[PDB]
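Shown next: upload_35.tsv, containing TSV, C-alpha atoms and all ligand atoms.
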```
chain	number	residue	atom	x	y	z
A	1	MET	CA	12.76	16.85	-20.85
A	2	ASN	CA	9.68	14.58	-21.10
A	3	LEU	CA	6.73	16.76	-20.48
A	4	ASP	CA	4.48	13.61	-20.13
A	5	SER	CA	6.55	12.09	-17.34
A	6	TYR	CA	5.43	11.87	-13.78
A	7	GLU	CA	8.24	14.26	-12.89
A	8	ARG	CA	6.79	17.04	-15.08
A	9	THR	CA	3.17	16.61	-13.93
A	10	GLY	CA	2.95	20.06	-12.34
A	11	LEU	CA	4.36	21.77	-15.39
A	12	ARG	CA	2.17	19.81	-17.78
A	13	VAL	CA	-1.05	20.24	-15.84
A	14	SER	CA	-0.30	23.98	-15.35
A	15	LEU	CA	0.03	24.51	-19.12
A	16	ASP	CA	-3.00	22.39	-19.95
A	17	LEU	CA	-5.20	24.02	-17.26
A	18	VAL	CA	-4.28	27.54	-18.37
A	19	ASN	CA	-4.91	26.61	-22.01
A	20	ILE	CA	-8.36	25.21	-21.19
A	21	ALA	CA	-9.62	27.85	-18.83
A	22	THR	CA	-7.97	31.17	-19.73
A	23	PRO	CA	-10.09	33.32	-22.09
A	24	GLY	CA	-8.32	34.67	-25.16
A	25	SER	CA	-7.86	32.94	-28.48
A	26	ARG	CA	-6.90	29.40	-29.44
A	27	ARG	CA	-5.63	28.20	-32.82
A	28	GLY	CA	-7.01	31.18	-34.71
A	29	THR	CA	-10.42	31.39	-33.00
A	30	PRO	CA	-11.67	33.40	-29.98
A	31	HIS	CA	-11.62	31.23	-26.90
A	32	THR	CA	-14.23	31.70	-24.15
A	33	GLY	CA	-12.39	29.78	-21.46
A	34	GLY	CA	-13.79	28.56	-18.17
A	35	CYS	CA	-14.18	24.86	-17.69
A	36	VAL	CA	-16.59	22.07	-16.97
A	37	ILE	CA	-16.08	18.91	-14.95
A	38	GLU	CA	-15.37	16.89	-18.13
A	39	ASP	CA	-12.31	19.11	-18.75
A	40	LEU	CA	-11.08	18.22	-15.28
A	41	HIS	CA	-11.54	14.48	-15.80
A	42	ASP	CA	-9.28	14.66	-18.83
A	43	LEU	CA	-6.86	17.17	-17.26
A	44	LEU	CA	-6.23	14.97	-14.22
A	45	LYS	CA	-6.52	11.53	-15.94
A	46	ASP	CA	-3.02	10.44	-14.85
A	47	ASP	CA	-4.28	10.41	-11.23
A	48	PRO	CA	-7.15	7.97	-10.77
A	49	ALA	CA	-7.58	9.08	-7.14
A	50	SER	CA	-8.29	12.68	-8.19
A	51	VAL	CA	-10.66	11.54	-10.91
A	52	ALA	CA	-12.56	9.38	-8.40
A	53	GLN	CA	-13.09	12.41	-6.16
A	54	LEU	CA	-13.89	15.13	-8.69
A	55	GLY	CA	-17.18	17.04	-8.42
A	56	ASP	CA	-18.74	20.17	-9.92
A	57	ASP	CA	-17.64	22.03	-6.75
A	58	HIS	CA	-14.04	21.80	-7.99
A	59	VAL	CA	-14.66	23.75	-11.19
A	60	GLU	CA	-14.53	27.21	-9.47
A	61	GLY	CA	-11.31	26.27	-7.72
A	62	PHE	CA	-9.64	25.15	-10.94
A	63	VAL	CA	-10.80	28.31	-12.77
A	64	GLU	CA	-9.18	30.39	-10.02
A	65	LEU	CA	-6.02	28.26	-10.10
A	66	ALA	CA	-5.88	28.77	-13.88
A	67	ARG	CA	-6.04	32.56	-13.43
A	68	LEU	CA	-3.12	32.50	-10.96
A	69	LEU	CA	-1.00	30.13	-13.07
A	70	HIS	CA	-1.74	32.18	-16.22
A	71	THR	CA	-0.48	35.34	-14.50
A	72	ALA	CA	2.70	33.50	-13.49
A	73	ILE	CA	3.32	31.97	-16.89
A	74	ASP	CA	2.70	35.25	-18.68
A	75	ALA	CA	5.16	36.90	-16.23
A	76	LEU	CA	7.75	34.23	-17.02
A	77	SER	CA	7.26	34.80	-20.81
A	78	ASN	CA	8.12	38.48	-20.12
A	79	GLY	CA	11.15	37.75	-17.93
A	80	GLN	CA	9.26	39.10	-14.91
A	81	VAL	CA	10.58	36.36	-12.67
A	82	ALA	CA	10.16	38.21	-9.37
A	83	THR	CA	6.43	38.69	-10.06
A	84	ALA	CA	6.04	34.97	-10.78
A	85	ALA	CA	8.15	33.95	-7.79
A	86	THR	CA	6.16	36.09	-5.33
A	87	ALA	CA	2.92	34.50	-6.49
A	88	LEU	CA	4.25	30.94	-6.55
A	89	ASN	CA	5.82	31.31	-3.07
A	90	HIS	CA	2.52	32.41	-1.68
A	91	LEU	CA	0.74	29.39	-3.18
A	92	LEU	CA	3.36	27.05	-1.70
A	93	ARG	CA	2.85	28.66	1.73
A	94	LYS	CA	-0.98	28.71	1.49
A	95	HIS	CA	-1.41	25.10	0.36
A	96	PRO	CA	0.04	21.76	1.59
A	97	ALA	CA	3.37	21.40	-0.18
A	98	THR	CA	5.24	19.02	2.14
A	99	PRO	CA	6.53	16.19	-0.05
A	100	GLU	CA	5.72	12.55	0.64
A	101	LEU	CA	6.92	9.26	-0.83
A	102	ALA	CA	4.34	6.63	-1.72
A	103	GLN	CA	4.16	3.49	-3.79
A	104	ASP	CA	1.82	3.36	-6.86
A	105	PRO	CA	-0.36	0.24	-7.11
A	106	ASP	CA	2.17	-1.17	-9.63
A	107	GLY	CA	4.93	-0.89	-6.98
A	108	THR	CA	6.65	2.21	-8.38
A	109	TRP	CA	7.83	4.64	-5.68
A	110	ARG	CA	6.99	8.31	-6.38
A	111	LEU	CA	7.78	11.59	-4.66
A	112	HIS	CA	4.49	13.50	-4.33
A	113	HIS	CA	4.77	17.27	-3.93
A	114	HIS	CA	2.03	17.35	-1.33
A	115	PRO	CA	0.94	15.17	1.62
A	116	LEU	CA	-1.43	12.34	0.64
A	117	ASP	CA	-4.07	13.78	2.99
A	118	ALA	CA	-4.42	16.98	0.93
A	119	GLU	CA	-7.75	18.30	-0.33
A	120	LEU	CA	-8.13	18.23	-4.10
A	121	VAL	CA	-7.80	21.87	-5.25
A	122	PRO	CA	-5.10	22.59	-2.63
A	123	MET	CA	-3.23	19.51	-3.76
A	124	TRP	CA	-3.24	20.52	-7.45
A	125	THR	CA	-2.34	24.09	-6.50
A	126	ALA	CA	0.77	22.81	-4.71
A	127	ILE	CA	1.69	20.42	-7.50
A	128	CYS	CA	1.34	23.07	-10.17
A	129	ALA	CA	3.13	25.75	-8.17
A	130	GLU	CA	6.10	23.50	-7.39
A	131	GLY	CA	6.28	22.42	-11.05
A	132	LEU	CA	6.52	26.00	-12.28
A	133	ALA	CA	8.88	26.96	-9.45
A	134	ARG	CA	11.19	24.08	-10.32
A	135	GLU	CA	11.57	25.26	-13.88
A	136	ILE	CA	12.51	28.75	-12.66
A	137	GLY	CA	15.15	27.10	-10.44
A	138	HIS	CA	16.37	25.08	-13.40
A	139	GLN	CA	17.01	28.29	-15.36
A	140	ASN	CA	14.29	27.50	-17.94
A	141	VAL	CA	12.30	30.77	-17.76
A	142	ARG	CA	13.03	31.65	-21.42
A	143	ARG	CA	11.24	28.45	-22.51
A	144	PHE	CA	7.82	29.76	-21.42
A	145	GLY	CA	6.15	31.26	-24.49
A	146	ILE	CA	2.91	32.70	-25.84
A	147	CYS	CA	1.92	31.36	-29.28
A	148	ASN	CA	3.08	33.50	-32.20
A	149	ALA	CA	0.19	32.50	-34.44
A	150	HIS	CA	-2.57	34.93	-35.35
A	151	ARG	CA	-5.42	34.83	-32.86
A	152	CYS	CA	-3.71	32.37	-30.58
A	153	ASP	CA	-2.53	33.31	-27.11
A	154	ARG	CA	-2.17	29.85	-25.74
A	155	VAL	CA	0.90	29.18	-23.63
A	156	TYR	CA	3.62	26.61	-24.13
A	157	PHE	CA	6.85	25.36	-22.63
A	158	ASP	CA	9.52	24.86	-25.31
A	159	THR	CA	10.95	21.34	-25.02
A	160	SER	CA	13.21	21.66	-28.13
A	161	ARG	CA	17.02	21.34	-27.77
A	162	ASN	CA	17.56	24.69	-29.51
A	163	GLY	CA	14.90	26.65	-27.57
A	164	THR	CA	13.52	28.44	-30.60
A	165	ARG	CA	9.93	27.08	-30.75
A	166	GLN	CA	7.44	29.83	-31.66
A	167	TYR	CA	4.04	28.09	-31.67
A	168	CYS	CA	1.95	26.37	-29.04
A	169	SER	CA	1.10	23.32	-31.10
A	170	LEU	CA	1.49	21.39	-34.26
A	171	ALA	CA	-1.89	22.83	-35.19
A	172	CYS	CA	-0.58	26.39	-35.16
A	173	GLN	CA	2.71	25.33	-36.74
A	174	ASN	CA	0.66	23.78	-39.62
A	175	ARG	CA	-1.69	26.76	-39.99
A	176	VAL	CA	1.29	29.08	-40.40
A	177	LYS	CA	2.97	26.74	-42.89
A	178	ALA	CA	-0.29	26.47	-44.89
A	179	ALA	CA	-0.53	30.32	-45.11
A	180	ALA	CA	3.11	30.88	-46.16
A	181	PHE	CA	2.65	30.74	-49.94
A	182	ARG	CA	-0.45	32.98	-50.16
A	183	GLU	CA	1.04	35.50	-47.70
A	184	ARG	CA	4.34	35.68	-49.61
B	1	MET	CA	23.90	13.73	-12.89
B	2	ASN	CA	26.20	16.41	-11.38
B	3	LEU	CA	26.50	15.61	-7.77
B	4	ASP	CA	28.15	19.08	-7.14
B	5	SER	CA	25.25	21.04	-8.59
B	6	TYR	CA	22.86	23.07	-6.55
B	7	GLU	CA	20.13	20.65	-7.55
B	8	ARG	CA	21.90	17.70	-5.88
B	9	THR	CA	22.79	19.56	-2.65
B	10	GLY	CA	20.63	17.35	-0.43
B	11	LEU	CA	22.03	14.16	-1.89
B	12	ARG	CA	25.61	15.40	-1.72
B	13	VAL	CA	25.42	16.76	1.81
B	14	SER	CA	23.64	13.56	2.97
B	15	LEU	CA	26.48	11.37	1.66
B	16	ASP	CA	29.20	13.65	2.98
B	17	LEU	CA	27.57	14.02	6.43
B	18	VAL	CA	27.09	10.26	6.82
B	19	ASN	CA	30.69	9.65	5.72
B	20	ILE	CA	32.04	12.14	8.26
B	21	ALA	CA	29.96	11.24	11.26
B	22	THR	CA	29.01	7.56	11.03
B	23	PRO	CA	31.42	5.26	12.93
B	24	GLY	CA	32.77	2.29	11.00
B	25	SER	CA	35.78	2.20	8.75
B	26	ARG	CA	37.09	4.56	6.08
B	27	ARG	CA	39.62	3.78	3.35
B	28	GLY	CA	41.06	0.76	5.17
B	29	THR	CA	41.20	2.26	8.69
B	30	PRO	CA	38.74	2.18	11.62
B	31	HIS	CA	36.73	5.38	11.67
B	32	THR	CA	35.56	6.87	14.98
B	33	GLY	CA	32.95	9.20	13.52
B	34	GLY	CA	31.21	12.05	15.27
B	35	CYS	CA	32.01	15.55	14.14
B	36	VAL	CA	33.31	18.91	15.19
B	37	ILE	CA	32.25	22.37	14.07
B	38	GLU	CA	35.11	22.52	11.52
B	39	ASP	CA	33.55	19.51	9.73
B	40	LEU	CA	30.31	21.45	9.49
B	41	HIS	CA	31.98	24.57	8.07
B	42	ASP	CA	33.38	22.47	5.23
B	43	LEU	CA	30.23	20.35	4.84
B	44	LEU	CA	27.98	23.38	4.38
B	45	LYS	CA	30.49	25.67	2.54
B	46	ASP	CA	28.20	26.13	-0.49
B	47	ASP	CA	25.79	28.08	1.78
B	48	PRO	CA	27.44	31.15	3.28
B	49	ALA	CA	24.32	31.89	5.34
B	50	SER	CA	24.55	28.54	7.14
B	51	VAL	CA	28.27	28.98	7.70
B	52	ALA	CA	27.68	32.44	9.20
B	53	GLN	CA	25.24	30.96	11.71
B	54	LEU	CA	27.00	27.73	12.71
B	55	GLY	CA	27.83	27.11	16.38
B	56	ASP	CA	28.97	24.19	18.54
B	57	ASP	CA	25.30	23.68	19.50
B	58	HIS	CA	24.67	22.35	15.98
B	59	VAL	CA	27.11	19.46	16.26
B	60	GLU	CA	24.67	17.21	18.24
B	61	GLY	CA	21.92	17.89	15.73
B	62	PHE	CA	24.11	17.00	12.77
B	63	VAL	CA	25.34	13.81	14.49
B	64	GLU	CA	21.70	12.78	14.97
B	65	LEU	CA	20.83	13.72	11.39
B	66	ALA	CA	23.78	11.60	10.22
B	67	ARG	CA	22.45	8.58	12.14
B	68	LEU	CA	19.01	8.91	10.51
B	69	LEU	CA	20.40	9.45	7.00
B	70	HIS	CA	22.83	6.53	7.44
B	71	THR	CA	19.93	4.22	8.35
B	72	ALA	CA	18.05	5.37	5.24
B	73	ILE	CA	21.02	5.04	2.90
B	74	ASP	CA	21.91	1.61	4.25
B	75	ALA	CA	18.25	0.60	3.74
B	76	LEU	CA	18.39	1.84	0.15
B	77	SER	CA	21.63	-0.16	-0.47
B	78	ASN	CA	19.65	-3.26	0.65
B	79	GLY	CA	16.56	-2.50	-1.46
B	80	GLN	CA	14.58	-1.83	1.72
B	81	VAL	CA	12.82	1.14	0.19
B	82	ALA	CA	9.76	1.10	2.45
B	83	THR	CA	12.00	1.40	5.55
B	84	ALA	CA	13.80	4.39	4.00
B	85	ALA	CA	10.57	5.99	2.81
B	86	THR	CA	8.89	5.77	6.23
B	87	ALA	CA	11.84	7.50	7.86
B	88	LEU	CA	12.22	10.17	5.17
B	89	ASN	CA	8.47	10.94	5.20
B	90	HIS	CA	8.58	11.50	8.91
B	91	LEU	CA	11.51	13.93	8.57
B	92	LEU	CA	9.65	15.86	5.86
B	93	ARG	CA	6.60	16.11	8.16
B	94	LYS	CA	8.62	17.00	11.28
B	95	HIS	CA	10.75	19.73	9.69
B	96	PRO	CA	9.94	22.73	7.45
B	97	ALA	CA	9.92	21.38	3.91
B	98	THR	CA	7.73	23.92	2.10
B	99	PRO	CA	9.70	25.04	-0.95
B	100	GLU	CA	10.51	28.69	-1.62
B	101	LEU	CA	12.05	30.55	-4.55
B	102	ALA	CA	14.75	33.12	-3.85
B	103	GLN	CA	17.41	34.96	-5.76
B	104	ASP	CA	21.13	34.38	-4.91
B	105	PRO	CA	23.23	37.53	-4.53
B	106	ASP	CA	24.50	36.96	-8.10
B	107	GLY	CA	20.90	37.13	-9.39
B	108	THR	CA	20.40	33.39	-9.95
B	109	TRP	CA	16.92	32.15	-8.96
B	110	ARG	CA	16.91	28.93	-6.90
B	111	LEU	CA	14.20	26.65	-5.55
B	112	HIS	CA	14.99	26.05	-1.86
B	113	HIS	CA	13.50	22.90	-0.32
B	114	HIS	CA	12.62	24.72	2.88
B	115	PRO	CA	11.27	28.16	3.84
B	116	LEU	CA	13.99	30.81	4.25
B	117	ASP	CA	12.91	31.31	7.87
B	118	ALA	CA	13.93	27.76	8.87
B	119	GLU	CA	16.21	26.99	11.79
B	120	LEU	CA	19.56	25.51	10.81
B	121	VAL	CA	19.37	21.80	11.72
B	122	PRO	CA	15.70	21.58	10.67
B	123	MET	CA	16.58	23.22	7.39
B	124	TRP	CA	19.39	20.76	6.59
B	125	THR	CA	17.20	17.87	7.71
B	126	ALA	CA	14.56	18.89	5.17
B	127	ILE	CA	17.10	19.48	2.41
B	128	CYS	CA	18.77	16.14	2.96
B	129	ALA	CA	15.52	14.23	3.30
B	130	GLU	CA	14.05	15.69	0.11
B	131	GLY	CA	17.31	14.97	-1.75
B	132	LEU	CA	17.26	11.30	-0.81
B	133	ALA	CA	13.50	11.07	-1.40
B	134	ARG	CA	13.90	12.54	-4.87
B	135	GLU	CA	16.37	9.87	-5.88
B	136	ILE	CA	13.95	7.15	-4.73
B	137	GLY	CA	11.28	8.81	-6.91
B	138	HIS	CA	13.72	8.93	-9.80
B	139	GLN	CA	14.17	5.15	-9.60
B	140	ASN	CA	17.85	5.44	-8.55
B	141	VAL	CA	17.77	3.25	-5.40
B	142	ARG	CA	20.23	0.71	-6.87
B	143	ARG	CA	22.87	3.47	-7.13
B	144	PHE	CA	23.24	3.75	-3.34
B	145	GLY	CA	26.20	1.58	-2.33
B	146	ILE	CA	28.48	0.64	0.55
B	147	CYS	CA	32.19	0.55	-0.37
B	148	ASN	CA	33.49	-2.87	-1.40
B	149	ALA	CA	37.02	-2.20	-0.18
B	150	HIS	CA	38.44	-3.94	2.87
B	151	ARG	CA	37.76	-1.99	6.05
B	152	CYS	CA	35.71	0.65	4.32
B	153	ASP	CA	31.99	1.03	4.92
B	154	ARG	CA	31.61	4.50	3.58
B	155	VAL	CA	28.55	5.16	1.44
B	156	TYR	CA	28.37	6.41	-2.12
B	157	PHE	CA	25.91	7.25	-4.86
B	158	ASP	CA	27.00	5.80	-8.21
B	159	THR	CA	27.02	8.56	-10.83
B	160	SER	CA	28.45	6.32	-13.63
B	161	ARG	CA	26.41	5.71	-16.83
B	162	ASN	CA	26.70	1.94	-16.41
B	163	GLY	CA	25.82	1.82	-12.68
B	164	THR	CA	28.52	-0.67	-11.77
B	165	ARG	CA	30.74	1.42	-9.42
B	166	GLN	CA	31.95	-0.67	-6.45
B	167	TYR	CA	34.06	1.74	-4.38
B	168	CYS	CA	33.33	4.93	-2.49
B	169	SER	CA	36.29	6.88	-3.81
B	170	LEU	CA	39.26	7.06	-6.04
B	171	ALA	CA	41.27	6.34	-2.90
B	172	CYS	CA	39.64	2.93	-2.44
B	173	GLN	CA	39.68	2.26	-6.18
B	174	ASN	CA	43.49	2.90	-6.12
B	175	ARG	CA	44.11	0.83	-2.98
B	176	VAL	CA	42.39	-2.15	-4.60
B	177	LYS	CA	44.30	-1.68	-7.86
B	178	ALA	CA	47.61	-1.44	-5.93
B	179	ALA	CA	46.86	-4.78	-4.13
B	180	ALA	CA	45.83	-6.71	-7.28
B	181	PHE	CA	49.26	-8.10	-8.23
B	182	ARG	CA	50.31	-9.28	-4.75
B	183	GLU	CA	46.86	-10.77	-4.06
B	184	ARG	CA	46.83	-12.66	-7.38
A	201	NA	NA	2.13	25.30	2.61
A	202	NA	NA	-0.47	34.84	-30.98
A	203	NA	NA	7.12	19.58	7.58
A	204	NA	NA	33.82	-2.53	2.56
A	205	NI	NI	0.98	13.67	-6.30
A	206	NI	NI	18.27	25.99	0.47
A	207	ZN	ZN	-1.21	28.52	-30.98
A	208	ZN	ZN	35.88	3.10	0.42
```
Encoded form using structure tokens:
Amino acid sequence: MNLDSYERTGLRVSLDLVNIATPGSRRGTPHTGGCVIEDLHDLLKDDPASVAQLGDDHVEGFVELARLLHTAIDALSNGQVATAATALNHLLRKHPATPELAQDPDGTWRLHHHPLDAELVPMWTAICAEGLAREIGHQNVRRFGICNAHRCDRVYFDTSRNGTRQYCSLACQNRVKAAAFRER
Amino acid sequence: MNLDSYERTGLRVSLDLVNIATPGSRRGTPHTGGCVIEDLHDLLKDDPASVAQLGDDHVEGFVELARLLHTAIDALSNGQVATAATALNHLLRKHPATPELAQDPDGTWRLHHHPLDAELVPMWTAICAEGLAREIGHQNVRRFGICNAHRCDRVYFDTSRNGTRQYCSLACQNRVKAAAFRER
């Protein structure tokens, strides 16, 4: 899997949005969470149309989306697939999730997991929900993890062949490595 | 790609339905097309719920679906992606295409490309349309082909690594091989 591909947009944005907005800890430090519009510009950068339409009114919607996706991802990390499925199914019903083909300005045809007339927060809700749902269908639930590092509860999706990744980031991987000698 | 997998159901059923119902020629012989309910029982065998609900009233709907999918697949084989996209988008709008997670009786979670309360022909229309649409999004249009054998216009999706398959079936591959010496 290429987590940066168009095809994994919903998965990638879900992880990134939860990791921005969900309070907890990040890379060894308490993390306040929430977000500001600048976080959304960078979150949604792969879609110039979204970025062109973002306003401060979208922040509350993305914070709420983050809360819902965090609950689902945490459920998946615990094997509580039914809990995640119930929530994702409701999002797919509530928001416009009819797929639609369209051609990017460079000519590339894409399958969008929403109609092009969707509103912005409903659109991203559908995209994110389908992306997580798809990974459940693809039997990848065990690849959703919560960072094993001290004072980090950021989420990750393990893209390794072996499926034994423990840490959310190279940052946490490095922090653990750098503590190994002294903690021996 | 595994064309027999759950994940390629829409693609597989689309090809099979077109090849049953579309008049033309098949494996060297004129092909009348149409279908009967027995064709649908075998077409949809991977879904016991569909098979349990099939009736003769569904035959007309599947013949019409076949006509629409044949037009799309023939368009794809010609690189006429916009023509295919317009038709597939309309099917996805017309029919229930909201995805839904559910657990098979064996416990396996699946992403269905329709709500579980869908009617039978609308359901299969959505499944088939999404399956074809997905392959357009995955940049696989050039893998949709029309058999090169004499008096065969059956369709196929090339699953080979090299993407140079010419014939719809081992049957047509063998018929061509068996004619090579005499036609030399
Ligand atoms: Na919906
Ligand atoms: Na941790
Ligand atoms: Na629809
Ligand atoms: Na032919
Ligand atoms: Ni999109
Ligand atoms: Ni289904
Ligand atoms: Zn971490
Ligand atoms: Zn053939």
Interatomic distance, CA of residue 20 in chain B to CA of residue 2 in chain B (Å, one decimal):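 Result for CA of residue 20 in chain B versus CA of residue 2 in chain B: 20.9 Å, one decimal.
Using only C-alpha atoms and all ligand atoms as the basis for the distance check, residues found within 6 Å of ligand ZN 208 (chain A) are residues 26, 27, 147, 149, 152, 154, 167, 168, 169 and 172 of chain B.
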Can you work out which residues from chain B touch chain A at a cut-off of 12 Å (counting all atoms listed in the file) and hand them back as an NGL selection string? :B and (5-8 or 80-104 or 107-116 or 126-127 or 129-141)
Keeping only C-alpha atoms, write the selected residues as a short mmCIF file (atom, residue, chain, number, x, y, z; two decimals), in the frame of the given file.
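Written out: part.cif:
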```cif
data_model
loop_
_atom_site.label_atom_id
_atom_site.label_comp_id
_atom_site.auth_asym_id
_atom_site.auth_seq_id
_atom_site.Cartn_x
_atom_site.Cartn_y
_atom_site.Cartn_z
CA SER B 5 25.25 21.04 -8.59
CA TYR B 6 22.86 23.07 -6.55
CA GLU B 7 20.13 20.65 -7.55
CA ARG B 8 21.90 17.70 -5.88
CA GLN B 80 14.58 -1.83 1.72
CA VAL B 81 12.82 1.14 0.19
CA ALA B 82 9.76 1.10 2.45
CA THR B 83 12.00 1.40 5.55
CA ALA B 84 13.80 4.39 4.00
CA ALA B 85 10.57 5.99 2.81
CA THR B 86 8.89 5.77 6.23
CA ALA B 87 11.84 7.50 7.86
CA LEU B 88 12.22 10.17 5.17
CA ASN B 89 8.47 10.94 5.20
CA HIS B 90 8.58 11.50 8.91
CA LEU B 91 11.51 13.93 8.57
CA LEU B 92 9.65 15.86 5.86
CA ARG B 93 6.60 16.11 8.16
CA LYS B 94 8.62 17.00 11.28
CA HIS B 95 10.75 19.73 9.69
CA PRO B 96 9.94 22.73 7.45
CA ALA B 97 9.92 21.38 3.91
CA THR B 98 7.73 23.92 2.10
CA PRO B 99 9.70 25.04 -0.95
CA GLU B 100 10.51 28.69 -1.62
CA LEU B 101 12.05 30.55 -4.55
CA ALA B 102 14.75 33.12 -3.85
CA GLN B 103 17.41 34.96 -5.76
CA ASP B 104 21.13 34.38 -4.91
CA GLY B 107 20.90 37.13 -9.39
CA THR B 108 20.40 33.39 -9.95
CA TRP B 109 16.92 32.15 -8.96
CA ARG B 110 16.91 28.93 -6.90
CA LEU B 111 14.20 26.65 -5.55
CA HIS B 112 14.99 26.05 -1.86
CA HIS B 113 13.50 22.90 -0.32
CA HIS B 114 12.62 24.72 2.88
CA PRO B 115 11.27 28.16 3.84
CA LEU B 116 13.99 30.81 4.25
CA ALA B 126 14.56 18.89 5.17
CA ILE B 127 17.10 19.48 2.41
CA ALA B 129 15.52 14.23 3.30
CA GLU B 130 14.05 15.69 0.11
CA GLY B 131 17.31 14.97 -1.75
CA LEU B 132 17.26 11.30 -0.81
CA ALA B 133 13.50 11.07 -1.40
CA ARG B 134 13.90 12.54 -4.87
CA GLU B 135 16.37 9.87 -5.88
CA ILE B 136 13.95 7.15 -4.73
CA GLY B 137 11.28 8.81 -6.91
CA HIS B 138 13.72 8.93 -9.80
CA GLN B 139 14.17 5.15 -9.60
CA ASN B 140 17.85 5.44 -8.55
CA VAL B 141 17.77 3.25 -5.40
#
```
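Between CA of residue 63 in chain B and CA of residue 22 in chain B the interatomic distance comes to 8.0 Å.
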Between CA of residue 64 in chain B and CA of residue 44 in chain B lies a distance of 16.2 Å
Padded axis-aligned box of range 145-164 of chain A (3 Å per side), centre and edge lengths, Å, one decimal, as lines of an AutoDock Vina configuration file:
```
center_x = 6.1
center_y = 28.1
center_z = -29.0
size_x = 29.0
size_y = 19.6
size_z = 18.7
```
Choose the residue, out of B:16, B:153, B:183, B:158, that has the smallest atom-to-atom separation from residue 65 in chain B; count all atoms listed in the file.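 Among B:16, B:153, B:183, B:158, it is B:16 that comes nearest to residue 65 in chain B.
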Would you list the contacts of residue 60 in chain B as a list in words, taking every protein, DNA or RNA residue within 12 Å and counting only C-alpha atoms, but skipping same-chain residues closer than 3 positions in sequence? residues 21, 34, 35, 36, 37, 40, 55, 56, 57, 63, 64, 65, 66, 67 and 121 of chain B
Pick out the closest residue to residue 165 in chain A from this set: A:143, A:177, A:150, A:184. Count only C-alpha atoms.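 Residue with the minimum atom-to-atom distance to residue 165 in chain A: A:143.
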For range 103-113 of chain A, where the input has fewer atoms than it should, I would like N, CA, C and O atoms rebuilt and written as a PDB file, in the frame of the given file.
```pdb
ATOM      1  N   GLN A 103       3.996   4.489  -2.764  1.00  0.00           N
ATOM      2  CA  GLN A 103       4.160   3.490  -3.790  1.00  0.00           C
ATOM      3  C   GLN A 103       2.863   3.340  -4.604  1.00  0.00           C
ATOM      4  O   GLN A 103       1.801   3.063  -3.990  1.00  0.00           O
ATOM      5  N   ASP A 104       2.942   3.530  -5.940  1.00  0.00           N
ATOM      6  CA  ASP A 104       1.820   3.360  -6.860  1.00  0.00           C
ATOM      7  C   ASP A 104       1.354   1.908  -6.749  1.00  0.00           C
ATOM      8  O   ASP A 104       2.099   1.041  -6.330  1.00  0.00           O
ATOM      9  N   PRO A 105       0.109   1.634  -7.162  1.00  0.00           N
ATOM     10  CA  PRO A 105      -0.360   0.240  -7.110  1.00  0.00           C
ATOM     11  C   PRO A 105       0.511  -0.757  -7.882  1.00  0.00           C
ATOM     12  O   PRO A 105       0.567  -1.918  -7.485  1.00  0.00           O
ATOM     13  N   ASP A 106       1.236  -0.290  -8.915  1.00  0.00           N
ATOM     14  CA  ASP A 106       2.170  -1.170  -9.630  1.00  0.00           C
ATOM     15  C   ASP A 106       3.521  -1.373  -8.930  1.00  0.00           C
ATOM     16  O   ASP A 106       4.381  -2.103  -9.424  1.00  0.00           O
ATOM     17  N   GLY A 107       3.717  -0.737  -7.765  1.00  0.00           N
ATOM     18  CA  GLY A 107       4.930  -0.890  -6.980  1.00  0.00           C
ATOM     19  C   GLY A 107       5.936   0.229  -7.140  1.00  0.00           C
ATOM     20  O   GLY A 107       6.924   0.251  -6.411  1.00  0.00           O
ATOM     21  N   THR A 108       5.701   1.121  -8.087  1.00  0.00           N
ATOM     22  CA  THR A 108       6.650   2.210  -8.380  1.00  0.00           C
ATOM     23  C   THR A 108       6.591   3.287  -7.276  1.00  0.00           C
ATOM     24  O   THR A 108       5.513   3.843  -6.990  1.00  0.00           O
ATOM     25  N   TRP A 109       7.738   3.576  -6.664  1.00  0.00           N
ATOM     26  CA  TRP A 109       7.830   4.640  -5.680  1.00  0.00           C
ATOM     27  C   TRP A 109       7.866   5.998  -6.386  1.00  0.00           C
ATOM     28  O   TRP A 109       8.563   6.182  -7.395  1.00  0.00           O
ATOM     29  N   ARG A 110       7.105   6.945  -5.855  1.00  0.00           N
ATOM     30  CA  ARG A 110       6.990   8.310  -6.380  1.00  0.00           C
ATOM     31  C   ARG A 110       7.151   9.301  -5.268  1.00  0.00           C
ATOM     32  O   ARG A 110       6.664   9.067  -4.158  1.00  0.00           O
ATOM     33  N   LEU A 111       7.772  10.435  -5.571  1.00  0.00           N
ATOM     34  CA  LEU A 111       7.780  11.590  -4.660  1.00  0.00           C
ATOM     35  C   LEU A 111       6.618  12.485  -5.028  1.00  0.00           C
ATOM     36  O   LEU A 111       6.590  13.046  -6.139  1.00  0.00           O
ATOM     37  N   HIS A 112       5.635  12.609  -4.144  1.00  0.00           N
ATOM     38  CA  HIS A 112       4.490  13.500  -4.330  1.00  0.00           C
ATOM     39  C   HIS A 112       4.822  14.824  -3.720  1.00  0.00           C
ATOM     40  O   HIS A 112       5.382  14.895  -2.647  1.00  0.00           O
ATOM     41  N   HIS A 113       4.468  15.915  -4.393  1.00  0.00           N
ATOM     42  CA  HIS A 113       4.770  17.270  -3.930  1.00  0.00           C
ATOM     43  C   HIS A 113       3.615  17.867  -3.153  1.00  0.00           C
ATOM     44  O   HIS A 113       3.227  19.021  -3.335  1.00  0.00           O
TER      45      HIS A 113
END
```
